[PDB]
Amino acid sequence: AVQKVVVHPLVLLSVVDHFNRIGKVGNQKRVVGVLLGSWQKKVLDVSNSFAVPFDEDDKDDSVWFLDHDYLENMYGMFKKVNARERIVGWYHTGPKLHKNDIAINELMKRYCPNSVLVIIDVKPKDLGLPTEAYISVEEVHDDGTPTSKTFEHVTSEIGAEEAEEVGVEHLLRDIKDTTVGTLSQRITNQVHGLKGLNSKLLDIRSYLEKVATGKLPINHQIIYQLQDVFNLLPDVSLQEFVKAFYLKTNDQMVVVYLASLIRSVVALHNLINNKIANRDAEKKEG
Amino acid sequence: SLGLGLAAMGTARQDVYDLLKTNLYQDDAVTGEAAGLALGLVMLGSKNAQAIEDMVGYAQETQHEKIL
Amino acid sequence: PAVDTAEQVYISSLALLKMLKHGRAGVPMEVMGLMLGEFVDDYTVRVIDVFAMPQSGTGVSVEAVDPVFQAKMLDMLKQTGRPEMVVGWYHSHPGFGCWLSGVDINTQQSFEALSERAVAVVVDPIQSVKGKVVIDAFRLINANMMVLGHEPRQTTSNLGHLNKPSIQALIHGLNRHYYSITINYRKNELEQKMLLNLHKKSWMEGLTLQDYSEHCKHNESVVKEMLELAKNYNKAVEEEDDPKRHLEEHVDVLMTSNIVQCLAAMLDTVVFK
Amino acid sequence: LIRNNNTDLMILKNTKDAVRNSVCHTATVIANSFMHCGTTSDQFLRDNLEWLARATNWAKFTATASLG
Amino acid sequence: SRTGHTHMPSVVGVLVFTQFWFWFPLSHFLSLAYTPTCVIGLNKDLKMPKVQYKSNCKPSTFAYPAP
Ligand SMILES: [Zn+2]
């Protein structure tokens, strides 16, 4: 297993360019490329990637072609340029994985036993996390269920290398928000958090509706981890919690009041100084 | 093209418009750069739906920022 | 005819990131690579993509432009669907500044031999400190034209806004041999947002609460500093007939911190029940 | 314009000896044009012709435009 | 204009003249912005009689500056 997959900005920019390059003329679904990177104790660092010519057929969901020799000699070239980059997975721009992806993941496993495929939804721009890292697992499913391939999910995040960091910061240079935050951006962060929580709850509710209506089978497991979500509610309005909450709210409110008083006194002093200055100028004019 | 557009300012003549539209469609950078001004001058204040439609259709279809 | 000062190079975001990453990776040694793209017109140089090439012991030079690697990568990228033509070459000058040396001059005429409008791009990786990308584009002027009473490039417009160049280029003979090309990075809206996805905070960060035991200590500290500042402000105002700015900054910090923490607390109390 | 034409060529003279052979010649090419717009008076253009030919490429375009 | 109307050639020409940052040849377009500061003494269809009229310059004379 893999604890994490940190994706550099270079690979997402490269997959964006690859999808734009292919779909500009070849209107097609997911475009497949290979993701290189460096390992760690357990966390993968995806650093560079390339595109492999791939074709697919919507019929039989198995008529596809991802080149073998192309992958091999792109890696030859990349290793010659930089030998630290190892094949660590592959990517496709399709928002959803296809029935076909199992074969491509096995083909990648032939090049890397712990191969992890990263879905990068280039077309949509949304709440966040445009990368989803998935790993193939194989087990008897413990609790006596028929076995299948399945793609276990591994968490992903977007990190950056110093050169990539300065590159991207200079690349934006027009919408980058202040890192200090300030009240407006903290409030917008809070609103964004509320929106994200609402979206996640809506997705979970849709999944639960699908399960209840029978359109999806009851997982019988992990669903009770969602039940664990339901149990973890803090249960506010408890007397001790209410008293502590009021105590800390007043502790913050007194500091807010002191700062507001400080600011008001400073503003009054500034206004007195300005009135004195303008009267001094008016009387000195004569 | 620049001279024809300037001299035929607001004349709203269909023939001059068509010729300047062909010149714009030639996509020859500087030639299109002058053709844009000429087509604006001949259509000056005309509000021809065809004129603005073709102009914008070329505007978000072509390279050569000078032509833009 | 003569080139124009309005000529500029359009570097895609991926191309710029690739060049900076390669320059940092090859440090302290100098790297080089081709610059795929298309000239499109006289006044533009669209650098769509750049791919690195294996490093050779000769450094950035013509013998390090191995045609087997270049040809294989070119035809095979075109097989993937990337049929661009070479428009120039980028190379790294760590701690040197954006300028062309004599060897770079030889490489640039070798590049101009097959493609007249080739561009030599110089990147200083170590000097490309956070918030400052030191990148420049050059093209050689032969001595024949500039000696013979001819301006190296006509300024048909006001796009010569390019500020006074770094004096390092002047000492290394910028305008004597290689006219610099003004730069213009091309960024799409998709790549802009998906580069924004880098530092974007997660939704759980907005609703999270700072450590309450830490918030109290921060409040204590800043309020005590405000007390010292109030003493200084009283002394300064009384002895009048920079405590004020420091007091205002401390007040801004205290108010934003406490207000944000309180509002997060209320949102969490309502949302999770 | 013809009968009431009066342009101070002295300022153009003390400008044309101040140009350091930079691109500003083009500006001078149009500046006198402004001083001679609609006056059909190319007296400076005829008197100073070697410097008129000292500029080429798009500067020739500018010079012909000024003459017109 | 003289009657308070907007002169379309003048505004057009000044706009394309200000559009000289990107193209020097457009500068001559400023010609369309100039309007002659003249009054013509035409009485008949083709007659320009030498009519003598004066001004009301209060302190002194002005206009054509310097040699
Ligand atoms: Zn060099």
# chains A, B, ... in the order shown; residues from 1 in each chain; ligands from 1

$ residues_near_ligand --ligand "ligand 1" --cutoff "7 Å" --atoms "only C-alpha atoms and all ligand atoms" --output "ChimeraX atom specification"
/C:60,91-93,100-101,103-104

$ interface_residues --of "chain D" --to "chain C" --cutoff "10 Å" --atoms "only C-alpha atoms" --output "ChimeraX atom specification"
/D:21-24,26,54-59,62

$ residues_around --residues "residue 11 (chain D)" --least-positions-apart "6" --cutoff "12 Å" --atoms "only C-alpha atoms" --output "PyMOL selection string"
(chain D and resi 17-18+28+31-32+35+44) or (chain E and resi 66-67)

$ write_last_selection --atoms "N, CA and C atoms" --output "PDB file, in the first residue's frame"
ATOM      1  N   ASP D  17      18.474  68.921 -36.363  1.00  0.00           N
ATOM      2  CA  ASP D  17      19.875  68.822 -35.979  1.00  0.00           C
ATOM      3  C   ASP D  17      20.057  68.223 -34.591  1.00  0.00           C
ATOM      4  N   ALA D  18      18.962  67.962 -33.875  1.00  0.00           N
ATOM      5  CA  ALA D  18      19.020  67.354 -32.555  1.00  0.00           C
ATOM      6  C   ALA D  18      18.781  65.851 -32.574  1.00  0.00           C
ATOM      7  N   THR D  28       9.421  62.855 -36.588  1.00  0.00           N
ATOM      8  CA  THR D  28       9.610  64.102 -37.319  1.00  0.00           C
ATOM      9  C   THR D  28       8.879  64.045 -38.650  1.00  0.00           C
ATOM     10  N   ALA D  31       5.540  64.869 -37.812  1.00  0.00           N
ATOM     11  CA  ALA D  31       5.359  66.127 -37.094  1.00  0.00           C
ATOM     12  C   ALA D  31       5.183  67.286 -38.064  1.00  0.00           C
ATOM     13  N   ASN D  32       6.118  67.433 -39.005  1.00  0.00           N
ATOM     14  CA  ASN D  32       5.949  68.426 -40.058  1.00  0.00           C
ATOM     15  C   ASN D  32       4.660  68.189 -40.829  1.00  0.00           C
ATOM     16  N   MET D  35       2.189  69.932 -39.079  1.00  0.00           N
ATOM     17  CA  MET D  35       2.389  71.342 -39.379  1.00  0.00           C
ATOM     18  C   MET D  35       2.023  71.680 -40.816  1.00  0.00           C
ATOM     19  N   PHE D  44       9.798  71.587 -46.558  1.00  0.00           N
ATOM     20  CA  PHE D  44      10.822  70.891 -45.789  1.00  0.00           C
ATOM     21  C   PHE D  44      11.153  69.541 -46.409  1.00  0.00           C
TER      22      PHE D  44
ATOM     23  N   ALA E  66       5.374  84.136 -32.085  1.00  0.00           N
ATOM     24  CA  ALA E  66       6.819  84.035 -32.278  1.00  0.00           C
ATOM     25  C   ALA E  66       7.216  83.899 -33.747  1.00  0.00           C
ATOM     26  N   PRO E  67       8.495  84.127 -34.089  1.00  0.00           N
ATOM     27  CA  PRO E  67       8.957  83.859 -35.453  1.00  0.00           C
ATOM     28  C   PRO E  67       9.559  82.463 -35.604  1.00  0.00           C
TER      29      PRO E  67
END

$ closest_atom_pairs --of "chain B" --to "chain D" --cutoff "12 Å" --atoms "only C-alpha atoms" --output "CSV"
residue,atom,partner,partner_atom,distance
B:2,CA,D:65,CA,10.9
B:3,CA,D:65,CA,9.9
B:30,CA,D:58,CA,11.6

$ interface_residues --of "chain E" --to "chain D" --cutoff "9 Å" --atoms "only C-alpha atoms" --output "PyMOL selection string"
chain E and resi 24-28+30-31+34+36+66-67

$ closest_atom_pairs --of "chain C" --to "chain B" --cutoff "9 Å" --atoms "only C-alpha atoms" --output "JSON lines"
{"residue": "C:40", "atom": "CA", "partner": "B:64", "partner_atom": "CA", "distance": 7.2}
{"residue": "C:41", "atom": "CA", "partner": "B:64", "partner_atom": "CA", "distance": 6.2}
{"residue": "C:42", "atom": "CA", "partner": "B:29", "partner_atom": "CA", "distance": 7.9}
{"residue": "C:43", "atom": "CA", "partner": "B:64", "partner_atom": "CA", "distance": 7.7}
{"residue": "C:44", "atom": "CA", "partner": "B:64", "partner_atom": "CA", "distance": 7.2}

$ write_last_selection --atoms "N, CA and C atoms" --output "mmCIF file, in the first residue's frame"
data_model
loop_
_atom_site.group_PDB
_atom_site.id
_atom_site.type_symbol
_atom_site.label_atom_id
_atom_site.label_comp_id
_atom_site.auth_asym_id
_atom_site.auth_seq_id
_atom_site.Cartn_x
_atom_site.Cartn_y
_atom_site.Cartn_z
ATOM 1 N N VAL C 40 4.215 31.045 -36.420
ATOM 2 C CA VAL C 40 2.880 31.569 -36.698
ATOM 3 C C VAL C 40 2.973 32.791 -37.608
ATOM 4 N N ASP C 41 3.604 33.865 -37.129
ATOM 5 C CA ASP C 41 3.753 35.073 -37.933
ATOM 6 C C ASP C 41 5.121 35.714 -37.734
ATOM 7 N N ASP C 42 5.306 36.920 -38.275
ATOM 8 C CA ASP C 42 6.595 37.593 -38.153
ATOM 9 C C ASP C 42 6.836 38.092 -36.733
ATOM 10 N N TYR C 43 5.788 38.560 -36.060
ATOM 11 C CA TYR C 43 5.933 39.258 -34.790
ATOM 12 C C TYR C 43 5.785 38.357 -33.569
ATOM 13 N N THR C 44 5.507 37.067 -33.747
ATOM 14 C CA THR C 44 5.275 36.176 -32.621
ATOM 15 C C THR C 44 6.172 34.952 -32.721
#

$ residues_around --residues "region 13-30 of chain A" --least-positions-apart "6" --cutoff "6 Å" --atoms "only C-alpha atoms" --output "VMD selection string"
(chain A and resid 92 to 94 122) or (chain C and resid 14)

$ residues_around --residues "residue 159 (chain C)" --least-positions-apart "2" --cutoff "10 Å" --atoms "only C-alpha atoms" --output "MDAnalysis selection string"
(chainID C and resid 4:8 155:157 161:162 182) or (chainID E and resid 21:23)

$ residues_around --residues "residue 57 (chain C)" --least-positions-apart "6" --cutoff "10 Å" --atoms "only C-alpha atoms" --output "ChimeraX atom specification"
/C:29,63-64

$ interface_residues --of "chain E" --to "chain B" --cutoff "9 Å" --atoms "only C-alpha atoms" --output "number ranges by chain"
E: 9, 12, 16, 22, 29

$ interface_residues --of "chain A" --to "chain C" --cutoff "6 Å" --atoms "only C-alpha atoms" --output "list in words"
residues 13, 53, 80, 81, 158, 163, 164, 166, 167, 170, 183, 189, 190, 193, 196, 233, 235, 236, 252, 256 and 259 of chain A

$ write_last_selection --atoms "N, CA, C and O atoms" --output "mmCIF file, in the first residue's frame"
data_model
loop_
_atom_site.group_PDB
_atom_site.id
_atom_site.type_symbol
_atom_site.label_atom_id
_atom_site.label_comp_id
_atom_site.auth_asym_id
_atom_site.auth_seq_id
_atom_site.Cartn_x
_atom_site.Cartn_y
_atom_site.Cartn_z
ATOM 1 N N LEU A 13 0.074 20.264 -15.338
ATOM 2 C CA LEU A 13 0.193 21.126 -16.510
ATOM 3 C C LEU A 13 0.437 20.304 -17.771
ATOM 4 O O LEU A 13 -0.127 20.595 -18.835
ATOM 5 N N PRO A 53 0.700 7.248 -27.006
ATOM 6 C CA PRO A 53 -0.410 7.150 -27.966
ATOM 7 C C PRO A 53 -1.325 5.985 -27.627
ATOM 8 O O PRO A 53 -0.902 4.826 -27.597
ATOM 9 N N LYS A 80 17.575 8.977 -19.322
ATOM 10 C CA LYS A 80 18.806 9.591 -19.801
ATOM 11 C C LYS A 80 18.876 11.057 -19.394
ATOM 12 O O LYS A 80 19.931 11.544 -18.973
ATOM 13 N N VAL A 81 17.759 11.776 -19.510
ATOM 14 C CA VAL A 81 17.717 13.164 -19.059
ATOM 15 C C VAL A 81 17.800 13.231 -17.537
ATOM 16 O O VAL A 81 18.579 14.010 -16.974
ATOM 17 N N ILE A 158 -1.415 18.121 -3.698
ATOM 18 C CA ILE A 158 -0.631 18.874 -4.669
ATOM 19 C C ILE A 158 0.479 19.600 -3.923
ATOM 20 O O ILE A 158 0.229 20.600 -3.238
ATOM 21 N N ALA A 163 11.616 25.369 -7.685
ATOM 22 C CA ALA A 163 11.587 25.937 -9.029
ATOM 23 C C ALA A 163 10.166 25.975 -9.576
ATOM 24 O O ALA A 163 9.734 26.990 -10.136
ATOM 25 N N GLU A 164 9.417 24.884 -9.407
ATOM 26 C CA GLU A 164 8.018 24.890 -9.811
ATOM 27 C C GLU A 164 7.214 25.901 -9.007
ATOM 28 O O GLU A 164 6.285 26.517 -9.539
ATOM 29 N N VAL A 166 8.255 28.891 -7.672
ATOM 30 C CA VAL A 166 8.473 30.240 -8.189
ATOM 31 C C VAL A 166 7.867 30.373 -9.579
ATOM 32 O O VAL A 166 7.277 31.408 -9.919
ATOM 33 N N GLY A 167 7.968 29.317 -10.393
ATOM 34 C CA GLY A 167 7.368 29.361 -11.715
ATOM 35 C C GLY A 167 5.871 29.595 -11.667
ATOM 36 O O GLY A 167 5.345 30.453 -12.374
ATOM 37 N N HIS A 170 4.952 33.188 -10.281
ATOM 38 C CA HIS A 170 5.115 34.191 -11.325
ATOM 39 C C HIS A 170 4.100 33.994 -12.442
ATOM 40 O O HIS A 170 3.698 34.963 -13.096
ATOM 41 N N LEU A 183 -9.193 39.671 7.069
ATOM 42 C CA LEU A 183 -10.545 39.265 7.438
ATOM 43 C C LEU A 183 -11.353 38.810 6.230
ATOM 44 O O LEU A 183 -12.071 37.809 6.304
ATOM 45 N N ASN A 189 -12.739 31.959 3.087
ATOM 46 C CA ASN A 189 -12.317 30.592 3.373
ATOM 47 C C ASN A 189 -13.384 29.850 4.165
ATOM 48 O O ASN A 189 -13.649 28.670 3.914
ATOM 49 N N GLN A 190 -14.001 30.529 5.132
ATOM 50 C CA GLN A 190 -15.077 29.911 5.901
ATOM 51 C C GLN A 190 -16.274 29.585 5.013
ATOM 52 O O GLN A 190 -16.874 28.509 5.130
ATOM 53 N N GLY A 193 -15.408 26.600 2.973
ATOM 54 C CA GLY A 193 -15.531 25.393 3.774
ATOM 55 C C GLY A 193 -16.972 24.953 3.937
ATOM 56 O O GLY A 193 -17.283 23.763 3.849
ATOM 57 N N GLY A 196 -18.047 23.456 0.617
ATOM 58 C CA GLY A 196 -17.485 22.131 0.430
ATOM 59 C C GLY A 196 -18.157 21.087 1.298
ATOM 60 O O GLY A 196 -18.414 19.967 0.848
ATOM 61 N N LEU A 233 -20.910 13.313 16.016
ATOM 62 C CA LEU A 233 -21.440 14.661 16.155
ATOM 63 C C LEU A 233 -21.198 15.177 17.573
ATOM 64 O O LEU A 233 -21.413 14.448 18.546
ATOM 65 N N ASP A 235 -22.717 17.057 19.622
ATOM 66 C CA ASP A 235 -23.865 17.222 20.513
ATOM 67 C C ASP A 235 -23.724 18.504 21.341
ATOM 68 O O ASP A 235 -23.554 18.489 22.563
ATOM 69 N N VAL A 236 -23.787 19.625 20.626
ATOM 70 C CA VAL A 236 -23.758 20.943 21.251
ATOM 71 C C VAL A 236 -25.054 21.138 22.025
ATOM 72 O O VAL A 236 -25.988 20.338 21.900
ATOM 73 N N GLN A 252 -12.672 36.124 24.136
ATOM 74 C CA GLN A 252 -12.306 36.735 22.863
ATOM 75 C C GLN A 252 -12.988 38.083 22.659
ATOM 76 O O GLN A 252 -12.398 38.992 22.059
ATOM 77 N N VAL A 256 -11.502 41.767 21.652
ATOM 78 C CA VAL A 256 -12.030 42.500 20.503
ATOM 79 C C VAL A 256 -12.448 43.904 20.917
ATOM 80 O O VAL A 256 -12.175 44.885 20.213
ATOM 81 N N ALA A 259 -9.351 46.085 21.500
ATOM 82 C CA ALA A 259 -8.763 46.517 20.236
ATOM 83 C C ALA A 259 -9.618 47.583 19.560
ATOM 84 O O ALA A 259 -9.087 48.546 18.992
#

$ residues_around --residues "region 148-154 of chain A" --least-positions-apart "5" --cutoff "8 Å" --atoms "only C-alpha atoms" --output "number ranges by chain"
A: 2-5, 102, 132-138
